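Protein chains in written order, with PDB author numbering: chain 7, 2 to 65; chain e, 1 to 201; chain q, 2 to 118; chain l, 1 to 143. Virtual Cβ for every residue (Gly too), placed ideally from N, Cα, C. Here the structure is laid out as structure tokens; the discussion comes afterwards.
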Amino acid sequence: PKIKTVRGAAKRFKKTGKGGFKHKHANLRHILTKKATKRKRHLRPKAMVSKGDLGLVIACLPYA
Amino acid sequence: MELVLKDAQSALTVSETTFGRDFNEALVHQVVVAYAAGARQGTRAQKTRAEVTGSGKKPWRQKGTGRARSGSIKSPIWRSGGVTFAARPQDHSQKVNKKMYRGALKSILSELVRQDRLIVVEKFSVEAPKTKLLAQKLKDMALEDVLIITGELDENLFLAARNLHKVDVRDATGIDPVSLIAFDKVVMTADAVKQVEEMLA
Amino acid sequence: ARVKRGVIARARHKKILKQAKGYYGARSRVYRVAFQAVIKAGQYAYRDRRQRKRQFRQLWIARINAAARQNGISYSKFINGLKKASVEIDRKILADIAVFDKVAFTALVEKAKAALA
Amino acid sequence: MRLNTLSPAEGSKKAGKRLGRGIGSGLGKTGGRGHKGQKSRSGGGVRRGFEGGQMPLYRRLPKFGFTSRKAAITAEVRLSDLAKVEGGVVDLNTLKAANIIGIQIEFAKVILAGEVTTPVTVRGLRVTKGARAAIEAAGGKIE
RNA sequence: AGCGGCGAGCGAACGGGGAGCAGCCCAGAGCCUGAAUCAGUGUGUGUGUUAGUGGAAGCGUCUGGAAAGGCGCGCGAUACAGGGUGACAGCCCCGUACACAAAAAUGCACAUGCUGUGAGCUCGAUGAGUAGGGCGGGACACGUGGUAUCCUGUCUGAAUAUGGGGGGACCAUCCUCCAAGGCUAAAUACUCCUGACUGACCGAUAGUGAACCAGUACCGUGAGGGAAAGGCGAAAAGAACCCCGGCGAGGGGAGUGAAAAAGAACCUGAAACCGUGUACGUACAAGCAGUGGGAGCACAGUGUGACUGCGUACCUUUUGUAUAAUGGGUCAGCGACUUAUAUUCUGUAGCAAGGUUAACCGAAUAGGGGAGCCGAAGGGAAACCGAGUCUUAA
């Protein structure tokens, strides 16, 4: 059978040009009054998935 | 290239791409194996532990008796029950690319003029549909193990080689990897080598 | 393609029981016992190719020591006296002389006793 | 060149790991699996993205965005495809006749991706600023 | 795409390529008025099925128990598929290719005659406790969620073509269709069963549980479970007769036969295991029984092995096992990393900015089929822009 994409991962990551994955940062949902505006400013761009995590993501996203 | 006829000595023109290519052995080995595997009638099966006739009753209890623990009379460790990874009927066909199949046939026909096993004739028919005449049609030609490849639908010639074991008649569209190799001479009528040159471009 | 394995398992077993001739009891007849008899016997054979070169050097040195002491010197002073005299005969041949040509050994001891002292 | 003379290329056929077949094979008695754990059991092995029971990375992180339903019906036309449209007129429906975009596409964009050579006529599409400066550089009119 | 403790997982459509492709009735009265239809029944034809018939050609010779083998020299072949015959047969047999055959009974078409339904035209008609709704459930990929649509247990309840449904909450447009009656071939699924035919399927611990009087013997009150067990030889020519014995059993002859060490407890006849004969060793010598050295002896190098150095099995599991931890009485046979599909990577091969087809068609591994898929472009949540783009007034 076809490999089923982990569908909850397909909403967290998007594949980029050289092959890696962009993702939204954690810690920017709620409880923001106490967070600094500098710290919240750096969680707003999308980051690239780290080296050690990438083997866990391509396992999850085979049709990315 | 050029292909000299059997006796008219007037060599018809072929494209050197089809009859003078360099031989590719890895290409021809792959298409001669995929022909051989696609001839498999993959029809066999055995019984797994599910399919062996028996009861799912555990033979003895798990503890207590000093026997080894068992849970099915149809386990594959046991006699008369269960092949472990039992066969199913399967498809042993392989995919060949068309440019790999045509590259192989262009490389076999190029090699048949190298080892002088391609002989091009201009006509190879026989009057009566009799095996006796064709048995003669190949003594003067000095052939015993041959594959005749014609362009027409000659059924007189087709029956006359149906009993001769080492003689095969084709129709220039069903020539294959293993037939162009397993015969000592390949003899092609001049109308047939026109068609075979065409389909291999 | 079912493969029966009675022919090549017989031969593989027969090859090991043939290496176990002369072994006591089930070590010559039973494959399970004779296999680890043969594996142990090859283990010992590896080890005693090392010990053979020690046991013979032990045997030569004990015979040169006896044959030196009949000529009135110890093994240590005879081997030191041969090295100061630059005589390069090994102990295999020094023991071979000591039983077969004793008068060729009393000459060797004299050539050692001289150049030592 | 007989049937008993044909060989594969060297290295085209590796053998295949046969596990659990003695000491010399280097795959006996465990099958390359090591000693007793979950991963050495038959069928054992955890599912994808399992981290132990630590919150997995695809659940540690927020979902973002939405699927557009207009990016599924748009395509990009490279300048390499402006010569294959069979007539010099690049409509939307003539890019499908040459099997360039796809039959469910309603919007195509012509982007600067390589070597427009011919008098072409793009009608009803979008072109970029580079592709407009290349179509007119070869003698093409965009409608 | 979505659904989803947005977890595990579930998973479409639209659209496209194909296989196969027929539409028709009643809610209805008239003119016309068997008017084709679609059925059944019956002769008639064509064709299978159910018995069958014909088939084409080789002899010498050596080995051998026996020739189909070897060597020699011919002949058939639209037949050299297969099987049998004293060893391996184109030419000995049965067949096979091919050419043929049916009293009678049936399958299929067709030709239909005779019966049943019943055309075509004019007009009207246009399926109500329904649709919809409230409540509760279920089905849709869709878990009530913003949620369409379908079904309906319960409670209600329209409009009746100038009207009604749907287009994913809902509304307006404007596109499309006409629910609440019904019938409908092919493409599709299957194989208890019959016929051929095939196999990189099994070869008696395998293959059906069952190659054999097998769902049997046996077991169970019962439901139920459920075995083991193939082979003389070419042909019984299966051992007349004589001996020992208990008018035994078994045996020894004689005989058959190529072979009886093929004698029926029968091809081959392994290993464990048990004997006999022979060589050597062994009755003052301590222990993984070997190994290294090594006399003596017996043979024609082999066998044995006094004395002697070193030396606590194997596996498993472990920090670690001679361990007094696990496992194994032994032999023999079987017994554990497979298969399908998807994905990624390496090798390799073909073709390269292109590469490849899937189903299907098909004189079938060909050729056709480019529906698609992947790649040549990416940024962005997206619109969008595009070799750049997002970020941000910049």
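Give the range of the alpha helix (DSSP H) segment to which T18 (chain e) is assigned. It spans 16-19 - the alpha helix (DSSP H) in which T18 (chain e) sits, taken as one unbroken run.
Would you mind stating whether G20 (chain e) and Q94 (chain e) have Cβ atoms separated by less than 8 Å? Cβ distance not < 8 Å, so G20 (chain e) and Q94 (chain e) don't count as in contact.
Measure from the alpha carbon of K114 (chain q) to the alpha carbon of each residue in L83 (chain q), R28 (chain q), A27 (chain q), then state which is nearest. Out of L83 (chain q), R28 (chain q), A27 (chain q), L83 (chain q) has the C-alpha closest to the C-alpha of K114 (chain q).
Does the ligand NAP have even one heavy atom less than 7 Å from the beta-carbon of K85 (chain q)? This structure does not include the ligand NAP; it has no bound ligands of any sort.
Cβ-Cβ distance between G49 (chain l) and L57 (chain 7) below 8 Å: A contact, by the Cβ cut-off of 8 Å.
Measuring only between beta-carbons, confirm whether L6 (chain l) sits less than 8 Å from chain e. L6 (chain l) counts as touching chain e.
Would you list, in sequence order, the uninterrupted beta strand (DSSP E) runs of no fewer than 3 residues that lie entirely inside the segment 4-65 of chain l? Fully enclosed beta strand (DSSP E) runs of 3 or longer: not present.
Which whole-angstrom value describes the C-beta separation of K106 (chain e) and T17 (chain e), a residue pair presumed to lie in contact below a C-beta threshold of 8 Å? Right, their Cβ atoms sit about 7 Å apart.
Measuring straight from C-alpha to C-alpha, what distance separates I105 (chain l) and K96 (chain l)? The alpha-carbon separation between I105 (chain l) and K96 (chain l) amounts to approximately 9 Å.
Indicate whether the contact test is met: 3 or more Cβ pairs, each with one atom in the segment 29-42 of chain l and one in the segment 129-147 of chain e, closer than 8 Å. Contact between the segment 29-42 of chain l and the segment 129-147 of chain e is absent, with fewer than three C-beta pairs closer than 8 Å.
Can you pull out the residues from the segment 3-27 of chain 7 whose beta carbon lies closer than 9 Å to at least one beta carbon of chain l? Residues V7, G9, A10, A11, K12, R13, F14, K15, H24, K25, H26, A27.
Would DSSP call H26 (chain 7) helix, strand or coil? Correct three-state label for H26 (chain 7): coil.
In chain e, which residues lie with their C-beta within 8 Å of the C-beta of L3 (chain l)? The answer, in chain order, is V32, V178, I181, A182.
Identify the continuous beta strand (DSSP E) that holds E76 (chain l) and give its terminal residues. DSSP places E76 (chain l) in the uninterrupted beta strand (DSSP E) bounded by 74-77.
Please confirm whether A160 (chain e) and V126 (chain e) have their CB atoms less than 8 Å apart. Cβ distance < 8 Å, so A160 (chain e) and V126 (chain e) count as in contact.
Chain l within 8 Å of residue 241 (chain e), Cβ atoms only: Shown here, chain e extends from 1 to 201; a query on residue 241 (chain e) therefore has no answer.
For the segment 106-119 of chain e, list every residue whose C-beta sits within 9 Å of some C-beta in chain l, in sequence order. In summary, the residues of the segment 106-119 of chain e whose CB is separated from some CB of chain l by less than 9 Å are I108, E111, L112, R114, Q115, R117, in the order they occur in the chain.
Taking C-beta pairs closer than 7 Å, name the residues in chain l that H29 (chain e) reaches, listed in chain order. Simply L6, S7, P8.
For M1 (chain e), the three-state DSSP class (helix, strand or coil): Coil at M1 (chain e), not helix or strand.
Whose CA, out of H92 (chain e), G56 (chain e), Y101 (chain e), lies closest to the CA of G81 (chain e)? Nearest option by C-alpha distance: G56 (chain e).
Pick out the complete alpha helix (DSSP H) segments inside the segment 87-132 of chain l, 4 residues or longer, and give them in chain order. As far as the segment 87-132 of chain l is concerned, its whole alpha helix (DSSP H) runs of at least 4 residues are 93-97.
Buried or exposed (CB count within 10 angstroms, at least 16 for buried), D184 (chain e): Residue environment: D184 (chain e) is assigned as exposed (fewer than 16 neighbouring CB atoms within 10 Å of its CB, all protein chains considered).
Neighbouring residues, chain e, relative to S12 (chain l) (Cβ below 8 Å): Ordered by position in chain e, the residues that pass the 8 Å Cβ test against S12 (chain l) are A26.
Which residues in the same chain as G124 (chain l) place their Cβ atom closer than 8 Å to its Cβ, once the five residues preceding and following it in sequence are excluded? Only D91, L92, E143 meet the Cβ criterion.
Secondary structure at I142 (chain l), three-state DSSP: helix, strand or coil? Correct three-state label for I142 (chain l): strand.
Answer yes if the segment 39-54 of chain e comes into contact with the segment 20-36 of chain q, meaning at least three C-beta pairs across the two stretches below 8 Å, and no otherwise. Verdict: no, contact absent.
Kindly indicate which residue of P119 (chain l), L6 (chain l), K17 (chain l) has the alpha-carbon position closest to the one of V85 (chain l). For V85 (chain l), the closest alpha carbon among the candidates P119 (chain l), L6 (chain l), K17 (chain l) is that of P119 (chain l).
Is the Cβ of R30 (chain 7) closer than 8 Å to any Cβ of chain l? Answer yes: the Cβ-Cβ gap between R30 (chain 7) and chain l drops below 8 Å somewhere.
Using only alpha-carbon positions, find the residue among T128 (chain l), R78 (chain l), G11 (chain l), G43 (chain l) that is nearest to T117 (chain l). Among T128 (chain l), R78 (chain l), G11 (chain l), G43 (chain l), the Cα nearest to that of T117 (chain l) is on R78 (chain l).
Could you tell me which of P2 (chain 7), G9 (chain 7), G53 (chain 7), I4 (chain 7) sits nearest to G65 (chain l), measuring between CA atoms? Selected option, being the one with the closest Cα: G9 (chain 7).
Where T48 (chain e) falls: helix, strand or coil (DSSP): Coil, per DSSP.
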